[PDB]
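# Secondary and tertiary structure notes
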Amino acid sequence: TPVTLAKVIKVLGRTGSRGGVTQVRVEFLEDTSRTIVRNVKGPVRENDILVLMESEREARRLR
Amino acid sequence: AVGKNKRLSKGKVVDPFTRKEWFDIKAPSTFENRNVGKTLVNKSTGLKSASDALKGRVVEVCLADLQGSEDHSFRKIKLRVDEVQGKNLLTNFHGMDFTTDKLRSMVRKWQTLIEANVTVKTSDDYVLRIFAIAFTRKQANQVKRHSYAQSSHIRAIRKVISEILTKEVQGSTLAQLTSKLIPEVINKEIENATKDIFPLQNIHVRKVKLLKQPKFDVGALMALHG
Amino acid sequence: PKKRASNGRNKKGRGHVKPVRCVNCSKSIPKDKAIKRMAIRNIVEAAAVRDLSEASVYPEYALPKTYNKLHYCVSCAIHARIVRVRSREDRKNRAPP
Amino acid sequence: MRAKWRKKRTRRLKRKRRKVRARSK
Amino acid sequence: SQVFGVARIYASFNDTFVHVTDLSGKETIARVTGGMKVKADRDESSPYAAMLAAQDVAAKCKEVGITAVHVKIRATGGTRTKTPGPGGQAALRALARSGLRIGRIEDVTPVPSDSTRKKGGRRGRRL
RNA sequence: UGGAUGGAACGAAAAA
RNA sequence: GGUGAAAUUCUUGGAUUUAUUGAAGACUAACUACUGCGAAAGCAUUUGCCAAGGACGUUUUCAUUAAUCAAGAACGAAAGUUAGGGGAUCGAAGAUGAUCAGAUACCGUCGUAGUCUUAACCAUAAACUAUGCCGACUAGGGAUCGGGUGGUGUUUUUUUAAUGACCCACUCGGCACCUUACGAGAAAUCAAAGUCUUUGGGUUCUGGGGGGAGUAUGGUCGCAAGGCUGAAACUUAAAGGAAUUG
Ligand SMILES: [Mg+2]
Ligand SMILES: [Mg+2]
Ligand SMILES: [Mg+2]
Ligand SMILES: [Mg+2]
Ligand SMILES: [Mg+2]
Ligand SMILES: [Mg+2]
Ligand SMILES: [Mg+2]
Ligand SMILES: [Mg+2]
Ligand SMILES: [Mg+2]
Ligand SMILES: [Mg+2]
Ligand SMILES: [Mg+2]
Ligand SMILES: [Mg+2]
Ligand SMILES: [Mg+2]
Ligand SMILES: [Mg+2]
Ligand SMILES: [Mg+2]
Ligand SMILES: [Mg+2]
Ligand SMILES: [Mg+2]
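Residues numbered from 1 in each chain as written, not as in the entry; some residues may be left out. Chains lettered and ligands numbered in written order. Part of a larger assembly, values for the part shown. Heavy atoms only, no water. Residues with missing side-chain atoms left out of burial classes, pairs and counts.

This entry lists cryo-EM as its structure determination method and reports a resolution of 3.23 Å.

### A closer look at the overall build of chain C
Selection rule: Secondary structure is summarised from DSSP: a helix means a run of H or I of at least four residues, a strand means a run of E of at least two, and numbering begins at the N terminus for each. Put simply, the radius of gyration uses C-alpha atoms, and a globule should come to 2.2 Å times the residue count raised to 0.38. Throughout, exposure labels follow a simple rule: accessible area from a 1.4 Å probe, protein chains only, divided by the maximum for the residue type, with under 20% read as buried, over 50% as exposed, and the rest as partly exposed. By definition in these notes, contact holds between two residues if any of their heavy atoms fall within 4.5 Å. Here, Shrake-Rupley sampling with a 1.4 Å probe gives the accessible areas, and only protein chains in the shown set may cover a residue.
A count of helices and strands for chain C gives 2 helices and 4 strands. Whereas a compact globule of 97 residues would reach a radius of gyration of roughly 13 Å, chain C reaches 19 Å, over 25% beyond that. Dimensions of chain C, computed from C-alpha atoms along their principal axes, come out at roughly 60 × 30 × 25 Å. Of all 97 residues assigned to chain C, the portion counted as buried reaches 25%. Excluding contacts between residues fewer than 6 apart, the proportion of contacts in chain C whose partners are at least 24 apart in sequence is 59%. Accessible surface computed for chain C: about 7500 Å², of which carbon and sulfur atoms make up 52%.

### Quick look at the environment of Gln23(A)
Here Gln23(A) lies in strand β2 (residues 21–28). Between the C-alpha atom of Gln23(A) and that of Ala6(A), which follows or precedes it by 17 residues, the distance is 14 Å.

### So, the protein's contact with RNA strand G
We apply this condition: Think of it this way: one heavy atom of a residue within 4 Å of a molecule or strand is enough to make that residue near it. For the purposes of these results, a polar contact is taken to be a pair of N or O atoms within 3.5 Å, where, inside protein, one atom must be able to donate a hydrogen and its partner to accept one; residues adjacent in sequence count only when each atom of the pair is a side-chain atom.
Close to RNA strand G lie 79 residues; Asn141(B), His146(B), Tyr148(B), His19(E) and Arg125(E) are nearest. Each atom of RNA strand G within 4 Å of the protein was classed as base or backbone; sugar and phosphate made up 72%. Measuring from a sugar or linking oxygen of RNA strand G, one finds a side-chain N or O atom of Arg158(B) at 2.9 Å. Between RNA strand G and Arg8(E), the relevant distance is 2.5 Å, taken from a sugar or linking oxygen to a side-chain nitrogen or oxygen of the residue.

### Some points on the nonpolar core
Put simply, the rule is: Here, nonpolar core refers to any group of buried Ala, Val, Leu, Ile, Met, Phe, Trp, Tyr and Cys residues whose side-chain atoms link them within 4.5 Å.
Core analysis: the biggest nonpolar cluster contains 42 residues, and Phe31(B), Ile77(B), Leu79(B), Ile130(B), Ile161(B) and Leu200(B) have the highest contact counts within it. Broken down by element, this core gets its largest block of residues, 6 residues, from helix α4 (residues 153–169) of chain B. With residues up to four places along the chain from it excluded, the contact list for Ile130(B) reads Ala116(B), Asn117(B), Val118(B), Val120(B), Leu165(B), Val205(B) and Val208(B). Counting 29 residues, the second largest nonpolar core, distinct from the first, contains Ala7(E), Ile9(E), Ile29(E) and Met51(E).

### So, the packing of aromatic side chains
Two measures describe an aromatic ring pair: the distance that separates the ring centres and the angle between the ring planes. To keep things clear, this is the line we draw: Note on aromatic contacts: the rings of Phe and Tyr and the six-membered ring of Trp form a pair at centre separations within 6.5 Å, being stacked when their planes are under 30 degrees apart, edge-to-face when over 60 apart, and tilted otherwise. The rule for a charge over a ring is simple: NZ of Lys or CZ of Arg within 6 Å of the ring centre, and within 35 degrees of the ring normal.
One pass over the full model with this rule turns up 3 aromatic pairs over all chains. Seen from their ring centres, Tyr58(C) and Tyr61(C) are 6.2 Å apart, and the 35° between their planes marks the pair as tilted. Summarising the aromatic geometry, the rings of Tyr10(E) and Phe17(E) are spaced 5.8 Å apart at their centres and angled 50° between planes, so their arrangement reads as tilted. Take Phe17(E): its relative accessible area is 33%, and that puts it in the partly exposed class. When the ring centre of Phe74(B) is taken as reference, the NZ or CZ atom of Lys102(B) above it lies at 3.5 Å. Cation over ring: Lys109(B) sits above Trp110(B), and NZ or CZ is 5.2 Å from the ring centre.

### A word on the packing of α4(B) against helix α6 (residues 185–194) of chain B
Residue and element names in this part refer to chain B. Note the following rule: Axes here mean lines fitted to C-alpha atoms, for a helix over just the part in contact, with angles spanning 0 to 180 degrees between N-to-C directions. Reported orientations rely on four angle classes, namely roughly parallel under 35 degrees, roughly antiparallel over 145, roughly perpendicular from 65 to 115, and oblique for the rest. Working rule for handedness: look at the near helix, and if it is turned counterclockwise from the far one by less than a right angle, call the crossing left-handed; if clockwise, right-handed.
Where α4 contacts α6, the axes come no closer than 11 Å and their chain directions differ by 135°. In terms of axis orientation, α4 runs oblique to α6. Remark: the crossing between α4 and α6 carries right-handed chirality. Between α4 and α6, the residues in contact are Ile157, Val160, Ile161, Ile164 and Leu165 and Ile186, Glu189, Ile190, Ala193 and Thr194, respectively.

### Comments concerning the pairing of strand β6 (residues 101–107) of chain E
Residue and element names in this part refer to chain E. Our working definition: Pairing between strands is defined by DSSP: at least two bridges between them are needed.
Across the 7 residues of β6, 5 count as buried, placing the element largely inside the fold. Sheet topology places strand β5 (residues 68–74) next to β6; 6 bridges connect them, and they run parallel. Counterpart to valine 69 in the pairing with β6 is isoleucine 102.

### What about helix α2 (residues 86–98) of chain E?
Where we set the bar: For a helix, the expected span equals 1.5 Å multiplied by the residue count minus one.
Over its 13 residues, α2(E) runs 19 Å from end to end, which matches the ideal 18 Å to within 8%, given 1.5 Å per residue. Buried within α2(E) we find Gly87(E), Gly88(E), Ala91(E), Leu92(E), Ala94(E), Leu95(E) and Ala96(E). Contacts from the buried residues of α2(E) go to α1 (49–54) of chain C together with β2 (9–10), β3 (17–21), α1 (47–64), β5 and β6 of chain E. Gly99(E) sits one or two residues past α2(E) and shows a positive phi near 145°.

### Quick notes on the environment of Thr122(B)
Residues and elements named next belong to chain B. The residue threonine 122 is located in the loop between β6 (113–118) and β7 (127–135) in this model. According to the relative accessible area criterion, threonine 122 is buried, its value standing at 7%. Distance from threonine 122 to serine 172, taken between C-alpha atoms, is 6.5 Å for residues 50 residues apart in sequence. Beyond its immediate stretch of four places on either side in the chain, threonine 122 contacts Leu128, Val169, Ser172 and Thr173. Of the polar contacts made by the side chain of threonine 122, one reaches the backbone nitrogen of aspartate 124; its length is 3.1 Å.

### Topic: a positive patch on the surface
Stated formally: Here, patches come from residues exposed beyond 30% relative accessible area and free of salt bridges, joined within 9 Å for like charges and within 5 Å for nonpolar side chains (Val, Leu, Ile, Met, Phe, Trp, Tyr). Within this document, salt bridges are pairs made up of a side-chain nitrogen of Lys or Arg and a carboxyl oxygen of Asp or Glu, the two lying within 4 Å of each other. The convention is simple: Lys and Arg are positive, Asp and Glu are negative, and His and the chain ends are not counted. One atom stands in for each charge, and that atom is NZ of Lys, CZ of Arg, CG of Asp or CD of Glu.
On the surface, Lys7(D), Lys8(D), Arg11(D), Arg12(D), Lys14(D), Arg15(D), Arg17(D) and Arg18(D) cluster together to form a positively charged patch. Following the sequence through the fold, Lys7(D) ends up in helix α1 (residues 3–22).

### Focus on the pattern of salt bridges
Between side chains of opposite charge, a pair can form when the charged atoms approach closely. Following the criterion strictly, the structure yields 22 salt bridges over all chains and no others. A salt bridge links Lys60(E) to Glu63(E); the shortest N-O distance between them is 3.5 Å. Of this pair, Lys60(E) and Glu63(E) both sit in helix α1, separated by 3 residues, roughly a single helical turn. Of the residues examined, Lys60(E) reaches a relative accessible area of 30% and is grouped as partly exposed. Note on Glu63(E): relative accessible area 45%, which makes it partly exposed. Each of the salt bridges in this network shares a partner with another, and the network as a whole consists of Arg34(A), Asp51(C) and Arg93(E).

The structure is reproduced here in structure tokens:
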């Protein structure tokens, strides 16, 4: 059960039917220069660190 | 939908790649490169003789690989397998064609498209159908924004293209023609023949399609692969 | 009363226009009345371009295009967040955005 | 009700009256 | 120096097909579809499903010996949508990230010259 | 240089 | 495979998929636009044959031979009928799976008649520009199609000529478009829906509150569905058009 540590670099905005989810552009601690866009449940700012059960999934961006 | 089978068997394991071996495809002399690719088939058992399964196969390869230069980027080429010579199965020409993305980029609105086809026959009893395509050009100092043809220039241009294709194929066998089309001299002729009618930028020819084959005559094919 | 000068199409002097089929609901609609759009889009993305470019042979290959024309019925066009509506006098405006 | 279906109903009613009249002559 | 295969992604709606074949195309290798790696009947075209299948087929490719692949994307075509599905695009990025090499991508969606008839009736699909 | 369709929802006595 | 989500359906007798061929029928994509032709319906692959047509050019001919039309006549979308052929795709009826209180409806899978063609019929449409035809006059702007004229204009041929394709100017005939309203209108709007109380260029057709009713009856055409002409008794104070505020 490997995991991945990823660093938030820029928040996009709220998303979801009820505004309880946040879109963030997060950047991996290891093997840098790769940025992915993921959804976050709870309160979050920039510069936080997330742990991911998997890395290969890019959430549906609304822009 | 993994568990969706109500019934898997109307009435009521072996790895297949341990039985399969590779083969190297060879192109005729009229190409800068000769090494095309590699292909898989089963054991040529006493009941199959896999050379039979290879006899009527067709492989599509981009021309840019065959010539090295990237200007022939789109330019698909179709090659037909004909003879198996010790893991170096041989191929000859079967058809040329354009790539959809290019073909669609050819056609834009606010200009006139001109198309023509022909069913000429070669000296080698080969029966070929060749297609040609053209679009009108707005010259420098153009002010009007559409630049259409007058439907009689189109008739003349199509007549010229039709006759010139025949006069370029009659007498020619096949390979000269292949080496005429690799440097695209045919379309080079078109504007020289039509510049007194209408501009006609961008006169790439089209796909070419084969229709009828004569008897095999192994020796001619062997001549291409020295 | 009359709502548009062309009455919703571009037919003046024809009578019949040889209709086509909507791409979404397959409703029949005259060609000129249709709401044709041109969809030119690069094949992959604006995101995975870096991945494919580095993980591909032929450096700086082509990244070619893709071209589809779309035809929507009036109802589908409105329902798919396109040109939806405009105000009374603003409807006369012809130019694109 | 819609005019087209009015016309269709009337057409049927006329057809029925026609045949019932032809039943006697 | 290199070994090529041919991808032939079928990027339809409601499902996604990935199977690599020999350069001739008569011999196929490791046909896996998104619908056999999930149990939803609604996610058969989901990008996650297509990505996960693409990793599987890439595994078979790598263990057989194909290292690079030529790409042929195609939609349903004919009289149908003619636009690529959602998961096929994700699958392409998946198998590309899996380790193989990519060259000469083309679109081969079957487009007609004004074919017979689109289903749905004159007045269209009403919903 | 982007991108989503997306379930069900009948009726309201007469006059002012 | 299908949807919002599923199911009917097909799959170890190998479905969906991939390659090489072959057959059948339908269509003529992208080029395709406030562009063209036709009396209207309508007409989009190439080439050949047959006849037809508008506009332009004209110091050619006849000489008023003309405009509109009761009666009468040709053409006339789709659907439909009769008899052959063809019969891929789609698909009224129908069979089936869903949703729902019910759902013989919308949604899904099949599926006869039909969709195509030959020989005949039928003669209707929101057949719409809801604006009859001919003739004259009245405000400005550009663009476009066909033809003709002028210009040391550009490009290409053979620097060069004639051509051709463009540029500038002009004109005739078209499909229209942009601004304004002297003018018209109840208004929406209109270069005609203007030159109408300061009421008259020529001419055909239609209407007199809403229903009953395009019904009944009588003629006439058709094998049939139906078409053309077309009432009355009785009932009712409002129906209706365009705009304003909610
Ligand atoms: Mg209204
Ligand atoms: Mg009409
Ligand atoms: Mg009740
Ligand atoms: Mg009730
Ligand atoms: Mg099979
Ligand atoms: Mg065409
Ligand atoms: Mg034209
Ligand atoms: Mg008259
Ligand atoms: Mg009528
Ligand atoms: Mg009328
Ligand atoms: Mg007049
Ligand atoms: Mg002119
Ligand atoms: Mg003019
Ligand atoms: Mg016109
Ligand atoms: Mg009266
Ligand atoms: Mg009355
Ligand atoms: Mg009103």
